[PDB]
Amino acid sequence: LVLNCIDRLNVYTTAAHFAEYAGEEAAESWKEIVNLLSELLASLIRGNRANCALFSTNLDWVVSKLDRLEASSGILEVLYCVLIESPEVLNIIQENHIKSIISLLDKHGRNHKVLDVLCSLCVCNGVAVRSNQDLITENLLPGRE
Amino acid sequence: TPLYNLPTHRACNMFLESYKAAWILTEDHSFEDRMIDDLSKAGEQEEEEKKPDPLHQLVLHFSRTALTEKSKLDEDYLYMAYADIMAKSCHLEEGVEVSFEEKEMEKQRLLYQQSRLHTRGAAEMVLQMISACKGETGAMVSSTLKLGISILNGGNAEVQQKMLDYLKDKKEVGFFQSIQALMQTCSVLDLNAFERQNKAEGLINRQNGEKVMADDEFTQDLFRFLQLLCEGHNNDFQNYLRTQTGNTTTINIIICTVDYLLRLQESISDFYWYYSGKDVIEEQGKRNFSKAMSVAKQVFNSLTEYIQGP
Amino acid sequence: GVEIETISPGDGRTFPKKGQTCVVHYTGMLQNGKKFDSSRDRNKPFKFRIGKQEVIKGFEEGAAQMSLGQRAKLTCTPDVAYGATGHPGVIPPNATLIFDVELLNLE
Amino acid sequence: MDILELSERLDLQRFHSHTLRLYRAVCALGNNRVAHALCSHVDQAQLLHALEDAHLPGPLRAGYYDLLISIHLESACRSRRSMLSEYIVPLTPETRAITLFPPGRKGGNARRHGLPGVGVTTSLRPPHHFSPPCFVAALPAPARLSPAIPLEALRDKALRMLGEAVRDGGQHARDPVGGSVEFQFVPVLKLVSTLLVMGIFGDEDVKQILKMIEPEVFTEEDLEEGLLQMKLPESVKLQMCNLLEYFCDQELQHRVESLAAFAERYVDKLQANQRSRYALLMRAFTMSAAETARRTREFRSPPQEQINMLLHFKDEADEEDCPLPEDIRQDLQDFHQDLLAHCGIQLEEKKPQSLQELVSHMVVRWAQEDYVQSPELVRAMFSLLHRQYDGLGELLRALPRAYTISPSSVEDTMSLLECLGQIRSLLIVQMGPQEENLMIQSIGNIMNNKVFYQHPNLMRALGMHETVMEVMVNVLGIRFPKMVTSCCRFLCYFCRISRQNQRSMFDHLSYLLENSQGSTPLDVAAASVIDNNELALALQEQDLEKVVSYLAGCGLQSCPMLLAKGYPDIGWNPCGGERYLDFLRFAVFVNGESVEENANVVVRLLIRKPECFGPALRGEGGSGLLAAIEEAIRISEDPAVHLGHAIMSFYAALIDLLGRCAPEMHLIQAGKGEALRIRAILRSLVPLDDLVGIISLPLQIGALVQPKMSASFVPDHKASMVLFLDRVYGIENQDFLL
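Residues numbered from 1 in each chain as written, not as in the entry; some residues may be left out. Chains lettered and ligands numbered in written order. Part of a larger assembly, values for the part shown. Heavy atoms only, no water. Residues with missing side-chain atoms left out of burial classes, pairs and counts.

Its PDB header names cryo-EM as the technique used to obtain the model and reports a resolution of 3.23 Å.

### Section: the overall build of chain B
When helices and strands are counted, chain B shows 14 helices and zero strands. Reading the helices (α) and strands (β) of chain B from amino to carboxyl end gives α-α-α-α-α-α-α-α-α-α-α-α-α-α. The C-alpha extent of chain B, read off along each of the three principal axes, is 70 × 55 × 50 Å. (Helix = DSSP H or I, 4+ residues; strand = E, 2+ residues; numbered from the N terminus.)

### A closer look at the interface of chain A and chain C
With five residues of chain A at the contact, the number on the chain C side is seven residues. Of all residues in chain A, A:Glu138, A:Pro142 and A:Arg144 bury the most surface against chain C, accounting for 77% of the area lost on that side. For the interface between chain A and chain C, the tally reads zero residue pairs in polar contact. (Contact = heavy atoms within 4.5 Å. Buried area = accessible area lost by both parts, 1.4 Å probe. Polar contact = N/O pair within 3.5 Å; in protein donor to acceptor, adjacent residues only side chain to side chain.)

### Quick look at the pairing of strand 5 (residues 97-103) of chain C
Each regular strand carries side chains that alternate between the two faces of the sheet. Residue and element names in this part refer to chain C. Counting buried residues in strand 5 gives five out of seven residues, a clear majority hidden from the surface. Taken together, the seven bridges between strand 1 (residues 21-30) and strand 5 define a ladder with antiparallel strand orientation. Its bridge partner being in strand 5, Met29 is matched across the sheet by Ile98. Here strand 4 (residues 72-76) runs beside strand 5; their pairing, made up of five bridges, is antiparallel. In the sheet register, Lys73 faces strand 5, and the bridge partner there is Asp100. (Buried < 20%, exposed > 50% of the residue type's maximum accessible area, 1.4 Å probe, protein only. Pairing = 2+ DSSP bridges.)

### Observations concerning unusual backbone geometry
Phi at B:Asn205 takes a positive value of approximately 70°, unusual for a residue other than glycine. On the secondary structure map, B:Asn205 appears in the loop between helix 10 (192-201) and helix 11 (216-228). Positioned with a positive phi, D:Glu224 is a non-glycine residue whose angle comes to about 60°. Locating D:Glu224 in the fold gives a position in the loop between helix 9 (203-213) and helix 10 (234-283). Classification of D:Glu224 as exposed rests on a relative accessible area of 52%.

### Describing the interface of chain D and chain B
Facing the 60 residues of chain D at the interface are 51 residues of chain B. Of all the secondary-structure elements, those providing two or more residues to the side of chain D that touches chain B are helix 10, helix 12 (303-308), helix 13 (326-342), helix 14 (355-369), helix 15 (375-389), helix 16 (392-398), strand 2 (402-405) and helix 29 (596-608) of chain D. In terms of residue count, the dominant contributor to the side of chain D that touches chain B is helix 10 of chain D (twelve residues). When grouped by side-chain class, the residues that make up the side of chain D that touches chain B number 34 nonpolar, 15 polar and eleven charged. (Nonpolar A, V, L, I, M, F, W, Y, C, P; charged D, E, K, R; others polar.)

### Points about the packing of aromatic side chains
Under the definition given, this model contains 40 aromatic pairs over all chains. Taking the centre distance of 6.1 Å and the plane angle of 90° together, the rings of B:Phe194 and B:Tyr274 count as edge-to-face. Of the residues examined, B:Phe194 reaches a relative accessible area of 1% and is grouped as buried. Note on B:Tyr274: relative accessible area 27%, which makes it partly exposed. A ring pair is formed by C:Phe36 and C:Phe99, whose centres lie 6.1 Å apart and whose planes are at 70°; its orientation type is edge-to-face. (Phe/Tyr/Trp six-rings, centres within 6.5 Å; stacked < 30°, edge-to-face > 60°.)

### Quick look at the packing of helix 26 (residues 541-556) of chain D against helix 28 (residues 574-584) of chain D
Residue and element names in this part refer to chain D. At a minimum axis separation of 9 Å, helix 26 and helix 28 run at an interaxial angle of 160°. Considered as vectors, helix 26 and helix 28 are oriented roughly antiparallel to each other. Helix 26 and helix 28 meet at a crossing whose hand is left-handed. Contacts between helix 26 and helix 28 involve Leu544, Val547, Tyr550, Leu551 and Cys554 from the former and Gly576, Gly577, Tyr580, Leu581, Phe583 and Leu584 from the latter. Its residues placed into classes, the contact of helix 26 with helix 28 shows nine nonpolar, two polar and no charged. (Axes fitted to C-alpha atoms, helices over the stretch in contact; angles between N-to-C directions. Parallel < 35°, antiparallel > 145°, perpendicular 65-115°, else oblique. Left-handed = near helix turned anticlockwise from the far one by under 90°.)

### Let's talk about the packing of helix 30 (residues 625-636) of chain D against helix 31 (residues 645-660) of chain D
All names here are of chain D. Packing of helix 30 against helix 31 leaves a shortest axis separation of 8 Å and a crossing angle of 145°. Along the contact surface, helix 30 presents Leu625, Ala628, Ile629 and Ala632, while helix 31 presents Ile647, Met648, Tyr651 and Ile655. Within the contact of helix 30 with helix 31, the residues separate by chemical class into eight nonpolar, no polar and no charged.

### Notes on empty space enclosed by the protein
Taken as a whole, the largest cavity encloses approximately 110 Å³ of empty space. Surrounding the largest cavity, B:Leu3, B:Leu6, B:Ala11, B:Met14, B:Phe15, D:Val267, D:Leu270, D:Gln271, D:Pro303 and D:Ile307 form its lining. Those elements that provide at least two residues to the lining of the largest cavity are helix 1 (8-24) of chain B together with helix 10 and helix 12 of chain D. Considering only enclosed or pocket space, the second largest cavity measures out at about 70 Å³ in volume. Of all the secondary-structure elements, those providing two or more residues to the lining of the second largest cavity are helix 10 and helix 15 of chain D. Residue composition of the lining of the second largest cavity, by class: three nonpolar, three polar and four charged. (1 Å grid on protein atoms, 1.4 Å probe; cavity = no way out; pocket = protein on both sides within 12 Å on 5 of 7 lines; lining within 4 Å. Points joined across faces, edges and corners; volume = space filled by probe spheres on them.)

### Points about the arrangement of the chains
With four pairs of chains in contact, the largest contact count belongs to chains B and D. If you take every C-alpha in chain A and every C-alpha in chain B, the smallest gap between them is 12 Å, and the two do not touch. The two units chain B and chain C never meet; even their closest C-alpha atoms stay 41 Å apart.

### Regarding the pattern of salt bridges
Note that side chains of opposite charge can pair when their charged atoms are close. Tallied over the full model, the rule gives 35 salt bridges over all chains. Between B:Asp37 and B:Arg116 there is a salt bridge, and its shortest N-O distance comes to 3.8 Å. Given a relative accessible area of 7%, B:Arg116 falls into the buried group. Among the salt bridges present, the one from D:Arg365 reaches D:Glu369, with a minimum N-O distance of 2.9 Å. Placement of both D:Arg365 and D:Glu369 in helix 14 is noted, with a separation of four residues, approximately one turn of the helix. Where salt bridges share partners, they join B:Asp33, B:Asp37 and B:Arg116 into one cluster. (Salt bridge = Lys/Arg side-chain N within 4 Å of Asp/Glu carboxyl O.)

### Observations regarding the side chain of B:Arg116
Residues and elements named next belong to chain B. Mapped onto the fold, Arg116 is located in helix 5 (residues 100-118). Within the structure, the side chain of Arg116 is placed 3.4 Å from the side chain of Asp33, a separation counted as a polar contact. Each residue touching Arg116, except ones within four places of it in the same chain, is listed here: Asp33, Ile36, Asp37, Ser40, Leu55 and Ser89.

### Quick notes on the side chain of B:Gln244
With respect to the helices, strands and loops of the structure, B:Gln244 is situated in the loop between helix 12 (235-240) and helix 13 (253-275). The contacts of B:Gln244, once residues within four sequence positions are left out, are B:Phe176, B:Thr249, B:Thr250 and B:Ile251.

### Observations concerning the nonpolar core
Core analysis: the biggest nonpolar cluster contains 223 residues, and C:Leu97 and C:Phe99 have the highest contact counts within it. Apart from residues lying up to four places away in sequence, C:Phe99 is in contact with C:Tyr26, C:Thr27, C:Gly28, C:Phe36, C:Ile56, C:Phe59, C:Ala72, C:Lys73, C:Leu74, C:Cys76 and D:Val136. Core analysis: the next-biggest nonpolar cluster, separate from the first, contains 98 residues, D:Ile88, D:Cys554, D:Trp572 and D:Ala632 among them. (Core = buried A, V, L, I, M, F, W, Y, C linked by side-chain atoms within 4.5 Å.)

### Focus: helix 8 (residues 181-197) of chain D
Residue and element names in this part refer to chain D. With 17 residues, helix 8 ought to run about 24 Å at 1.5 Å a step, and its terminal C-alpha atoms sit 24 Å apart, in line with that. In terms of residue burial, helix 8 counts as a mostly covered element, since 13 of its 17 residues are buried. Directly beyond the C-terminal end of helix 8, a positive phi value near 70° is found at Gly199. (Expected span 1.5 Å × (residues − 1).)

Structure follows, in structure tokens:
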């Protein structure tokens, strides 16, 4: 239900571009409701291994919803919780997810939580995932920008 | 001449094994009581509100380890060694001369030894470990049942009161569930394995008599703990073992005890039926008969303790 | 290709020959001003042989035309060095290298 | 900007600290390629400068120290730590020269144990094999090594910094390095401990470290107070506990090595004495009654039984029962007393004079002073205290991992150890093609080693089979099919080396059977019980029931794997049935005889599930044995693995198993009504006419066109028929003609 609400609210890109369909009174509260939905989504799975394992199927949706400029603050926390609690979604992460995370770091400024997300990506619960390590090394280190 | 004319390394290895098996295994080691005495002294060359002597810190650490919620209890060698140390600090030191003075002095010494560590939360620790074992047998619960027996030796009213208060305060089902599971996993006299063991002994098996029962010591320890739970005619704990008002479910450990007794009686009857034809029972049959009768005696004593103190 | 220049003159008559160990002190950098590797920070010289390359082609060609201490600035273009495959965490795929090398080989 | 400017800029400091954390995490767990690549970003000079920077912020200082460690020393320290748990002391002359270093050492009066961690040791540990970093080399991965740093200069620098920090911590300065005592001591203590485990520090450096830790006790016989006498937080106390644990481990290893060194001399003396005794028995002693009691009771027992009773000299003082001269017993008792004195169980406000007393007093003082909150420090302190109080038990537990070898096999066992360490290092890496190839090559190199089949006890002590089984558990719980075949081949070869290896591998039979072309876990399970009467008798009923259920399932439902390739579609798969029946033939037939219980139970389970007998011997509508064989023959010459041969192979294997389960003749002739009941069940299962017809099938024999063995009838099928006929039916006068 929260996923459906977020999808319906996030169809419109901004709070003014085709977001006044409900009226000018609801334009200002759209961002607040989106942020509240993201925070509730983060809280519903924060620390619950079973919930994170069940929610891992929406990894592509979570990664795609990371470039909304208003939902990033909650979607990043959701992704971090999913990666920390259930370290099995690491194996099903391709290079495009890492590239999207690096693009988020480049576009949203120097954030210290993107680095934590990358660190969670690098190493599993005791086994080293060399694919993610090499992908991050090749996509981040050589360009000293 | 198989001893010499051999490579020196092979003889060295054999000598190492024999020497370790024959000489290094000293009995006393004179360290079980000394460690507990040293850890029980607080504020040495210094100094209530602050946490007292290291023994209580260690007990609290093990209680925290047991309290962490998880689906399985890991095998902790440190807990095994330290629980054995605490158990031997009381049981190994205090498990013709029937004078009142000597007997009462022994009783007071045992009471002081048990109070040295049951006032530091060991009674809670034993219950928490038994509950966290989830009814799975092993060396994790063998060292806990023995420690609980050592603390409860002689029928301590204070320890029984503390355990019952903890059980009635937590109101968490699972301790008696684990007890019931452990009782259900107890073995009986097996006739199918007896013939296989007889054939194996008549040409290694790496042991002797390790397939008939192989856990009679654990069964005796479990039933001794159950009996000592209500040794001093503890009416409250005798009622708790039957119906748990606070808990949402009742297990009725007494019925489990009588069921295991019935199973053991059936096994003994089958053994007698097998040995009816022969005139003289051989040594190996007598060993199994004695090792089953000891467990039967322990179960009978535990059943008596449920009734005495009407 | 190689675009060797001169920083400090050498001797001009002791060029390295085939089957010799060339000892050099080099500082590498991209064509951006960003240094990626140097040998002086490791406090040890770099030794390599001609005909047993074990180095990029541009470095070997640049070190070929030296004479006992001639500091040079070699410009190793693509398809002469690591090339399109590049180096993970090290030079990007399509980038040329500039080396500040000094042939201090003592034979 | 200056990196020291981050002290007041807290926004960039967090980002740089997490960047260093990312650098460590990317190259974590033996990723030496990324470790080599990171040297281009964080050079050696930068790390060395940051090590000595006294104005760096605490988080940045700790991050740089941990980055240097995780880049240059992590994998090698992990390998050395893994190897430190096992002792393999060769019989080299320096090992012989090694003494106990007891309280009564070379220079002493039975009072001083010496200094732990300094001396001579001979336990075999492979080197580190570092490689220099270079980004100008030509591009060519065969196990890339860690980047190389000068270890001597690093060790000297670390010692100098630790001494400077110890000296500066006594003055109670208001501006500690890194802003706190923890940020001043923990980053350098971690490096010191890592280099100590690496075995880089020399004897003089070890003595210097011991003096710095506690100069009152660790000196050679208000003034430079040691680390243990200062007021340190819990983070520094954890590192101190690790540092002391290293010295305790060194003392235990020294004790084990000294015990082996004494064992060499005692074995030599005992061999000489026994040779002299046998010479006396042979040349002399011709007047008694052959001395059969003094000969058959000592020189006829196995050498293991010739050494256990020979060690019953003392500990009772009244039961010798051994031909041991008194002086030899006195020497061994003197060594035993010295060993007991070393273990702190000697003597049948003073400052401590030994490591055990100092550690125990320090732990008790730490726990008494403050209520420790961090669980890790509490656990470490109590584990150290337990080890110090009880040393004899620690030696007893460490003894089974101790082994003695001749100096002529050191070169081979070093390669074997290196391969085992490669396996252990690869055990913590996500499964992949390059990793699979490397581990397969290492397993093959372990196989080809001559040590592997010469010291099976050493192989079992190292737990090699457990490591390889953990690898198989990881890969199985499909992907990487070649790896499981290599693993099962290694386990199968390991099982046949010795009886003890097979007994040890038998304990995992349930897991091996549950997870059931190349080698298979079923092959390992079969090889773990083959030709072992004691193991066969100990086999559990549920183990056979699982195989029976698998056989029923495979017989009832055909595997679609063969249907995927070009093959006719049928409702029953014979290949799986034959494979499952192969295992059961080893659990009922051992050394030519038959085990009664296993045969009875497998017969009962087989008859209670008729589907295991195939589509011919099931019941109503069955074609019969002759019809099934003829149908398979007819299938063999038309397109309709090569199907048709397996059809007869499955029936032949089933009949062979049924014949092998038949009761013995003397069982039948000596009553045993259950034997005749089983024989009657087998009799009614299949008639004599079927067997006689089966043996009567004809066979097929430019050059002559010989039919392919794998796509035609083979007399090996008739061999099962003949065996079954012999073992139940027999011939007296009737069938002996036709």
